[PDB]
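Read the structure below first, then the notes.
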Amino acid sequence: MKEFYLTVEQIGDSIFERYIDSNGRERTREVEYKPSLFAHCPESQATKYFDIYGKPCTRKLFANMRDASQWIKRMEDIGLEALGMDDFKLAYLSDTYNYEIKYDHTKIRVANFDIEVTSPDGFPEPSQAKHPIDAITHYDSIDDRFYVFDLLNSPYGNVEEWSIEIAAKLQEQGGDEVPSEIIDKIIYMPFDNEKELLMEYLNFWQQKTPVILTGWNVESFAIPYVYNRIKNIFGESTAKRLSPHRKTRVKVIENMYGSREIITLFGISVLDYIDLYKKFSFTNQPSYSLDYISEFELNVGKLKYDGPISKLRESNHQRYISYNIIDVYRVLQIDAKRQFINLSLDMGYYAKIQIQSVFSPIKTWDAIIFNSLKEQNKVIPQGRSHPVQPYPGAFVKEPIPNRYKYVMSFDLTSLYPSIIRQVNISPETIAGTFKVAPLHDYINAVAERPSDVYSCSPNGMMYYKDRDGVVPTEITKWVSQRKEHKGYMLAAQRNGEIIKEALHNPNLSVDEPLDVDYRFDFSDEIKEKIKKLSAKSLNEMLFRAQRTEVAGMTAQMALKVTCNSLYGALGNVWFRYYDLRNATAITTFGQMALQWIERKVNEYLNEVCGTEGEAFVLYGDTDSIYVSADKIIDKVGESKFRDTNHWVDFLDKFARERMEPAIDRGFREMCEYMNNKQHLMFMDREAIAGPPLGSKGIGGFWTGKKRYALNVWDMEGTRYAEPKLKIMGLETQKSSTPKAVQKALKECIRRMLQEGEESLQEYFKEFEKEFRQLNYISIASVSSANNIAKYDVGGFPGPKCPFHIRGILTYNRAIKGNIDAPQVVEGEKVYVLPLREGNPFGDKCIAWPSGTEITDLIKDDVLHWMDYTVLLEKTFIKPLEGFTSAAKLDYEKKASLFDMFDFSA
DNA sequence: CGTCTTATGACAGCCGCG
DNA sequence: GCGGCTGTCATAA
Ligand SMILES: [Mg+2]
Ligand SMILES: [Mg+2]
Ligand SMILES: [Mg+2]
């Protein structure tokens, strides 16, 4: 019964809105919106509207939006503030939906599709639409159907109708392996000519017009192509038929490098899935092709085909259509796992914004704050212009590069939101300034107490303790959501370790997986049924537990990033509530908060162990402390632990029963010293790390800031079945490191931390012997391809040319003149290999598009001229020199006086 | 959407240094 | 050849 918007659009002096009504049906309005803006007035003008600072405001109701828009600019030319929401879409949604929006996703039409274009000329540039669209697959979320639009006749070949019978069959049988779940859901429709195809597609589009349009590179390729191909054949107005309100606009996106053109479809919220992935996955990938992401996410990968893609419709039109269908389903499987579309809806309806505006945290928070203020009858300050200006951030401790045997970590929960809430930081809560002492003076508690009446930050800023703060109040509503979804995440993880422990000694009875909610710890009853369960049904349970973890991971990470984005926006010049005094007040409090508790943890552990002046905190970054636990184990004497798990149990209790209350009273004292509104500095225990008992193995090491590795047994409550490596910053964790090298360097680390020096040297030798045998794609570096043109000097490398860019210019030379081989695209990623002296190619390296094999017309030469020695040293040895140097180990056995004896037994 | 932030690392080109 | 500086590309928060 409760209605909600789908899309909202401003065109001239009218608001074009698509919504779902009281009876759950999709309809369209054209409301001539009467917008309101505000202005300062004298105190003898008692009204109900006030600005955030308390100053009285008068309401200005306009006839049209153009009038309101042109009132603003002739209020600036006099120098008078023009308060209010100037984005009239946000104003409308706030007016039309003055309540908590609850929505039904089954009545929201989500569509994803993909185009096929045979192009011998090369890449079919979406701006020119030079070649016929020979295939479209369109999935509708309301119908649950894959609509295939196949072209049988082009100037590139006449082809037979595609068979759903053949598509269903196994590749071994001669079939295509289109998943069985989507076989009954395909609507096939063949077409004799391109015009007909395109014609019915539009009719289909009008009847089933997308609310959300998604897919892989839809904004970048699909939409612009179908728009321009229709435009060039039928005319502008027919191409306008892609928009419900018949309005399209070419948008120019220009970054620090070049510029690209996309097309707005007024009345459709386009969420290109690749863009959801880059924003919400929190994984930098070597490639962003759908095949690559699919294999990473789902462990499937696509079936192969003979020859280049431009010859595929010719030779095998059957597979040609099947692949286009699979590709569309891939995105749906990825979303079924990651849930990025659900996330974007939950966010956009909560913020009361255009769904696409989820990509903009600034737009998001400006609407959240406006809507929170509007409820109190308050008026938002005008967006001012500001010069970009630097300001300070977090503290990071300079660790001593060494091995560290027993380590335990602690970390502040929602640091910046918690700081905002503790200090009551907000644009309207500012109280004034106090004279500041050097940051060190506060850390040791030797500076004078800043205030008795106000809440302070060591940057000199003051805040009201009694008043409620707008930023603190709204961000609170977000923090509790994160704790909920993180709780589910950890529980699914804890449940996974129980299951993995049951996989060690499994039964073999023909049974089914237990139906349970993985978001919650298993009861004693369920535990026992698991201990007597089959591997088949255990593997399914595990897969489902990990799917819940990922769903929880994604949920809470987005809630984390959006929260910290509010802080970030405080340091952004375009944010309505930009204020460096606030942004700095947050970060300086963090610096003090860490170093403060470092001192406190150092004091407590000294007294407790019976020593004085010993540094226990070895490292910290922003809001963490890494505690050396060696003295805590040594005082007991590890000779009193029966197994590894025994000493893990000891440290966990020591943390929870002894260190945490000592930390809690530490922060409590700091909350007093600053005179804050409320104590919110809570530190969760994270890692318990160390070598397996009675083994060689260094447990962990640090090379420098942001670079360390630990052998974790327990992470934040989860007690693993087998120890897991925590590696931060090291090459194993960078998308630029070759796939095989990441794998090898990790094994080196695993041996260092779990097994010791002899084990490491053993593996170094064997890897060094087998290196030359590895897949060339597995041993290639990855890098982004920015500013190719800048360094392109007539085909050759220019001054200051980066290694990977040189690689591209070499590639471009070797593929030249040949009609089409895969070109390298600006701003995208490339594989890079070194080449030995005197090769048939120009320079010393070669690069080519990532996630793909190089053209067969240049491959053999590359493989033959690879510089394995250079590649091994640069990517493997040099990084391993770093880890072993820091850990005070040798990866290679050093000359000894023992070398003069004969050992053969 | 193209208008969240800073801190900090490795590596490569370049250029000097009898 | 190594070290200082700068540009570029990465990650940890
Ligand atoms: Mg495709
Ligand atoms: Mg934290
Ligand atoms: Mg942290």
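If you're wondering about the labels, chains in the structure tokens are A, B, ... by order shown, residues count from 1 in each chain, ligands from 1 in order shown.
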
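Using only C-alpha atoms (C1' of nucleotides), the part of chain B that sits within 8 Å of chain A is made up of residues 1, 2, 3, 4, 5, 6, 7, 8, 9, 12, 13 and 14 of chain B.
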
May I have the residues of chain C within 9 Å of chain A, counting only C-alpha atoms (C1' of nucleotides), written as a list in words?
residues 7, 8, 9, 10, 11, 12 and 13 of chain C

Using the selection just defined, write its residues with C-alpha atoms (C1' of nucleotides) as a PDB file, in the first residue's frame.
ATOM      1  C1'  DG C   7      56.903  10.214 -11.321  1.00  0.00           C
ATOM      2  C1'  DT C   8      53.816   6.312 -11.093  1.00  0.00           C
ATOM      3  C1'  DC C   9      51.496   2.833  -9.170  1.00  0.00           C
ATOM      4  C1'  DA C  10      50.187   0.372  -5.354  1.00  0.00           C
ATOM      5  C1'  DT C  11      48.338  -0.571  -0.631  1.00  0.00           C
ATOM      6  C1'  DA C  12      46.694   0.315   4.865  1.00  0.00           C
ATOM      7  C1'  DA C  13      44.090   2.785   7.429  1.00  0.00           C
TER       8       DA C  13
END

Sort by chain and increasing residue number a table of all residues of chain A within 12 Å of ligand 1, each with its closest pair of atoms and their distance in Å to one decimal, counting only C-alpha atoms and all ligand atoms, and write it as JSON lines.
{"residue": "A:112", "atom": "CA", "partner": "ligand 1", "partner_atom_place_in_ligand_line": "1 (Mg)", "distance": 11.3}
{"residue": "A:113", "atom": "CA", "partner": "ligand 1", "partner_atom_place_in_ligand_line": "1 (Mg)", "distance": 8.5}
{"residue": "A:114", "atom": "CA", "partner": "ligand 1", "partner_atom_place_in_ligand_line": "1 (Mg)", "distance": 5.3}
{"residue": "A:115", "atom": "CA", "partner": "ligand 1", "partner_atom_place_in_ligand_line": "1 (Mg)", "distance": 5.9}
{"residue": "A:116", "atom": "CA", "partner": "ligand 1", "partner_atom_place_in_ligand_line": "1 (Mg)", "distance": 6.1}
{"residue": "A:117", "atom": "CA", "partner": "ligand 1", "partner_atom_place_in_ligand_line": "1 (Mg)", "distance": 9.2}
{"residue": "A:118", "atom": "CA", "partner": "ligand 1", "partner_atom_place_in_ligand_line": "1 (Mg)", "distance": 11.4}
{"residue": "A:133", "atom": "CA", "partner": "ligand 1", "partner_atom_place_in_ligand_line": "1 (Mg)", "distance": 11.7}
{"residue": "A:134", "atom": "CA", "partner": "ligand 1", "partner_atom_place_in_ligand_line": "1 (Mg)", "distance": 11.4}
{"residue": "A:135", "atom": "CA", "partner": "ligand 1", "partner_atom_place_in_ligand_line": "1 (Mg)", "distance": 9.1}
{"residue": "A:136", "atom": "CA", "partner": "ligand 1", "partner_atom_place_in_ligand_line": "1 (Mg)", "distance": 8.7}
{"residue": "A:137", "atom": "CA", "partner": "ligand 1", "partner_atom_place_in_ligand_line": "1 (Mg)", "distance": 8.8}
{"residue": "A:138", "atom": "CA", "partner": "ligand 1", "partner_atom_place_in_ligand_line": "1 (Mg)", "distance": 11.3}
{"residue": "A:215", "atom": "CA", "partner": "ligand 1", "partner_atom_place_in_ligand_line": "1 (Mg)", "distance": 9.8}
{"residue": "A:216", "atom": "CA", "partner": "ligand 1", "partner_atom_place_in_ligand_line": "1 (Mg)", "distance": 8.2}
{"residue": "A:217", "atom": "CA", "partner": "ligand 1", "partner_atom_place_in_ligand_line": "1 (Mg)", "distance": 9.4}
{"residue": "A:218", "atom": "CA", "partner": "ligand 1", "partner_atom_place_in_ligand_line": "1 (Mg)", "distance": 10.2}
{"residue": "A:221", "atom": "CA", "partner": "ligand 1", "partner_atom_place_in_ligand_line": "1 (Mg)", "distance": 10.3}
{"residue": "A:222", "atom": "CA", "partner": "ligand 1", "partner_atom_place_in_ligand_line": "1 (Mg)", "distance": 9.3}
{"residue": "A:289", "atom": "CA", "partner": "ligand 1", "partner_atom_place_in_ligand_line": "1 (Mg)", "distance": 10.2}
{"residue": "A:290", "atom": "CA", "partner": "ligand 1", "partner_atom_place_in_ligand_line": "1 (Mg)", "distance": 8.5}
{"residue": "A:291", "atom": "CA", "partner": "ligand 1", "partner_atom_place_in_ligand_line": "1 (Mg)", "distance": 9.9}
{"residue": "A:302", "atom": "CA", "partner": "ligand 1", "partner_atom_place_in_ligand_line": "1 (Mg)", "distance": 11.6}
{"residue": "A:309", "atom": "CA", "partner": "ligand 1", "partner_atom_place_in_ligand_line": "1 (Mg)", "distance": 10.8}
{"residue": "A:319", "atom": "CA", "partner": "ligand 1", "partner_atom_place_in_ligand_line": "1 (Mg)", "distance": 11.9}
{"residue": "A:320", "atom": "CA", "partner": "ligand 1", "partner_atom_place_in_ligand_line": "1 (Mg)", "distance": 9.3}
{"residue": "A:321", "atom": "CA", "partner": "ligand 1", "partner_atom_place_in_ligand_line": "1 (Mg)", "distance": 9.3}
{"residue": "A:322", "atom": "CA", "partner": "ligand 1", "partner_atom_place_in_ligand_line": "1 (Mg)", "distance": 9.9}
{"residue": "A:323", "atom": "CA", "partner": "ligand 1", "partner_atom_place_in_ligand_line": "1 (Mg)", "distance": 6.9}
{"residue": "A:324", "atom": "CA", "partner": "ligand 1", "partner_atom_place_in_ligand_line": "1 (Mg)", "distance": 4.7}
{"residue": "A:325", "atom": "CA", "partner": "ligand 1", "partner_atom_place_in_ligand_line": "1 (Mg)", "distance": 7.9}
{"residue": "A:326", "atom": "CA", "partner": "ligand 1", "partner_atom_place_in_ligand_line": "1 (Mg)", "distance": 8.4}
{"residue": "A:327", "atom": "CA", "partner": "ligand 1", "partner_atom_place_in_ligand_line": "1 (Mg)", "distance": 5.7}
{"residue": "A:328", "atom": "CA", "partner": "ligand 1", "partner_atom_place_in_ligand_line": "1 (Mg)", "distance": 7.4}
{"residue": "A:329", "atom": "CA", "partner": "ligand 1", "partner_atom_place_in_ligand_line": "1 (Mg)", "distance": 10.6}
{"residue": "A:330", "atom": "CA", "partner": "ligand 1", "partner_atom_place_in_ligand_line": "1 (Mg)", "distance": 10.3}
{"residue": "A:331", "atom": "CA", "partner": "ligand 1", "partner_atom_place_in_ligand_line": "1 (Mg)", "distance": 10.9}

Could you pull out the residues sitting within 6 Å of ligand 2, using only C-alpha atoms (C1' of nucleotides) and all ligand atoms, and write them as a PyMOL selection string?
chain A and resi 411-415+623

Secondary structure check, helix (DSSP H, G or I) residues of stretch 652-730 of chain A, as a list in words:
residues 652, 653, 654, 655, 656, 657, 658, 659, 660, 661, 662, 663, 664, 665, 666, 667, 668, 669, 670, 671, 672, 673 and 674 of chain A

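For residue A:665, the set of protein, DNA and RNA residues having any atom at most 12 Å away, when counting only C-alpha atoms (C1' of nucleotides) and skipping those fewer than 3 positions along the same chain, is residues 596, 597, 600, 601, 604, 658, 659, 660, 661, 662, 668, 669, 670, 671, 672, 679, 680, 681, 682 and 683 of chain A.
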
What would the file look like if the residues just selected were written as a PDB file, in the first residue's frame with C-alpha atoms?
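Listing of part00.pdb after writing:
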ATOM      1  CA  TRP A 596      47.753   7.403  24.520  1.00  0.00           C
ATOM      2  CA  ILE A 597      46.712   3.745  24.734  1.00  0.00           C
ATOM      3  CA  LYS A 600      48.902   2.705  28.809  1.00  0.00           C
ATOM      4  CA  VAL A 601      49.328  -0.817  27.395  1.00  0.00           C
ATOM      5  CA  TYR A 604      50.135  -2.106  32.390  1.00  0.00           C
ATOM      6  CA  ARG A 658      43.132  -8.567  31.872  1.00  0.00           C
ATOM      7  CA  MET A 659      44.169  -6.295  28.972  1.00  0.00           C
ATOM      8  CA  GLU A 660      40.750  -5.098  27.781  1.00  0.00           C
ATOM      9  CA  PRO A 661      39.519  -3.703  31.143  1.00  0.00           C
ATOM     10  CA  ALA A 662      42.948  -2.065  31.522  1.00  0.00           C
ATOM     11  CA  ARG A 668      37.860   6.260  30.022  1.00  0.00           C
ATOM     12  CA  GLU A 669      40.559   8.481  31.562  1.00  0.00           C
ATOM     13  CA  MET A 670      41.207  10.026  28.127  1.00  0.00           C
ATOM     14  CA  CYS A 671      37.468  10.694  27.693  1.00  0.00           C
ATOM     15  CA  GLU A 672      37.643  12.582  31.002  1.00  0.00           C
ATOM     16  CA  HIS A 679      32.980   7.218  26.159  1.00  0.00           C
ATOM     17  CA  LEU A 680      33.034   5.324  22.836  1.00  0.00           C
ATOM     18  CA  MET A 681      36.656   4.169  22.444  1.00  0.00           C
ATOM     19  CA  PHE A 682      36.246   0.377  22.321  1.00  0.00           C
ATOM     20  CA  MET A 683      39.147  -1.856  21.267  1.00  0.00           C
TER      21      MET A 683
END

Within 6 Å of stretch 397-409 of chain A, counting only C-alpha atoms (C1' of nucleotides), which residues show up once you throw out same-chain ones fewer than 3 positions away? Write them as a PyMOL selection string, please.
chain A and resi 618-620+625-630+685-690+698-705+886-887

Just to be explicit: take each residue in the selection above, keep C-alpha atoms, and write the result as a PDB file, in the first residue's frame.
ATOM      1  CA  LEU A 618      55.836  -2.859  18.461  1.00  0.00           C
ATOM      2  CA  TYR A 619      53.558  -1.265  15.835  1.00  0.00           C
ATOM      3  CA  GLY A 620      50.330   0.649  15.170  1.00  0.00           C
ATOM      4  CA  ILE A 625      48.285  -1.805  18.539  1.00  0.00           C
ATOM      5  CA  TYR A 626      50.427  -4.858  17.880  1.00  0.00           C
ATOM      6  CA  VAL A 627      51.608  -6.261  21.189  1.00  0.00           C
ATOM      7  CA  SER A 628      54.700  -8.439  21.514  1.00  0.00           C
ATOM      8  CA  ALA A 629      53.589 -11.354  23.686  1.00  0.00           C
ATOM      9  CA  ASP A 630      57.001 -13.024  24.136  1.00  0.00           C
ATOM     10  CA  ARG A 685      41.117  -8.037  20.104  1.00  0.00           C
ATOM     11  CA  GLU A 686      42.045  -9.076  16.552  1.00  0.00           C
ATOM     12  CA  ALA A 687      44.896 -11.520  15.921  1.00  0.00           C
ATOM     13  CA  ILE A 688      46.625 -14.082  18.129  1.00  0.00           C
ATOM     14  CA  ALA A 689      49.785 -15.034  16.262  1.00  0.00           C
ATOM     15  CA  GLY A 690      52.825 -17.245  16.773  1.00  0.00           C
ATOM     16  CA  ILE A 698      59.432 -17.103  13.462  1.00  0.00           C
ATOM     17  CA  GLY A 699      55.670 -16.575  13.840  1.00  0.00           C
ATOM     18  CA  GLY A 700      55.774 -13.130  12.201  1.00  0.00           C
ATOM     19  CA  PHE A 701      57.918 -10.276  10.862  1.00  0.00           C
ATOM     20  CA  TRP A 702      57.770  -6.551   9.973  1.00  0.00           C
ATOM     21  CA  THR A 703      59.760  -4.861   7.166  1.00  0.00           C
ATOM     22  CA  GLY A 704      58.478  -1.340   7.795  1.00  0.00           C
ATOM     23  CA  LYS A 705      55.318   0.739   7.980  1.00  0.00           C
ATOM     24  CA  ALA A 886      63.842  -7.911   7.849  1.00  0.00           C
ATOM     25  CA  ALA A 887      63.293 -11.319   9.501  1.00  0.00           C
TER      26      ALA A 887
END

Do a neighbour search on residue A:305 at 12 Å with only C-alpha atoms (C1' of nucleotides), toss out local chain neighbours closer than 5 positions, and write the hits as a VMD selection string.
chain A and resid 171 176 310 to 313 315 to 320 322 to 323

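Across the structure, atom CA of residue A:125 and atom CA of residue A:859 are spaced 26.1 Å apart.
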
DSSP on the backbone, then: every residue of stretch 427-640 of chain A marked strand (DSSP E), written as an MDAnalysis selection string.
chainID A and resid 430:433 454:456 461:464 617:619 624:628
